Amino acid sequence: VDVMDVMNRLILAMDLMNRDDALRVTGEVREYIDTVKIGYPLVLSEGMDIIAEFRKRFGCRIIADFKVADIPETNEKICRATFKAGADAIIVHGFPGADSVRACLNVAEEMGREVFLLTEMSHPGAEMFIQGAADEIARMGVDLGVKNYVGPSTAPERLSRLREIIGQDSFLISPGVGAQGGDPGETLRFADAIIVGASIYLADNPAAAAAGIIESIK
């Protein structure tokens, strides 16, 4: 169906692990972004309440990057807890199979939230097992009506293939830009938005880093 709009096509990966730094750095770049990806590094350090804190302080969409990868019954519980904490969307692994994905879709439909299917990863180890399964995982998502996908900026031809599988109407976001070597502009040939973590949050000047990224893709 209709997919979300991400301001400036840029999603902040907020993986700092203390609340003060996470809030401060996010504050520094709040003018450039309306969507923040929060994962386990921050949540396990500060608690699930950090999600509602971000939404209230910044008025942003929160994607919970929890790479959900359990059996269906447990996946439903994880999704329910996560959406109860205010997350707008959750990222789910496809490698555990269709029942595990459907469990997440069920909860997202009930609660009016979104699932992102992680089809392929950005790190070298992804080549061992994930890469060979990635096209089939993406097709599994398409066949189940998944609208939102995550694929790797560090493998542009794989990202291009993913876009071909999911079609032009699906929403695609892509990590590995900056620290992992992915290029903002090239990634946006295929992705609707890029995800950027440390090259912003570890920068001497995070606002300048975000502004520079946006300048390069204006």
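A residue's number is simply how far along the shown sequence it sits, counting from 1.
Mean CA B-factor, 182 to 190 versus 38 to 46: the higher value falls on 182 to 190. For residue 175, the recorded CA B-factor ranks within the lowest third of the chain. Only modelled residues enter the ranking. In this PDB entry, the Cα temperature factor of residue 65 sits in the bottom third of its chain's modelled residues, the lowest group. Residue-level temperature factors show residue 32 in the highest third of its chain, judged at the C-alpha atom. Among all modelled residues in this chain, the alpha-carbon of residue 210 has a temperature factor (C-alpha) in the highest third. Residue 11: CA B factor in the lowest third of modelled residues in this chain (values from the PDB entry).
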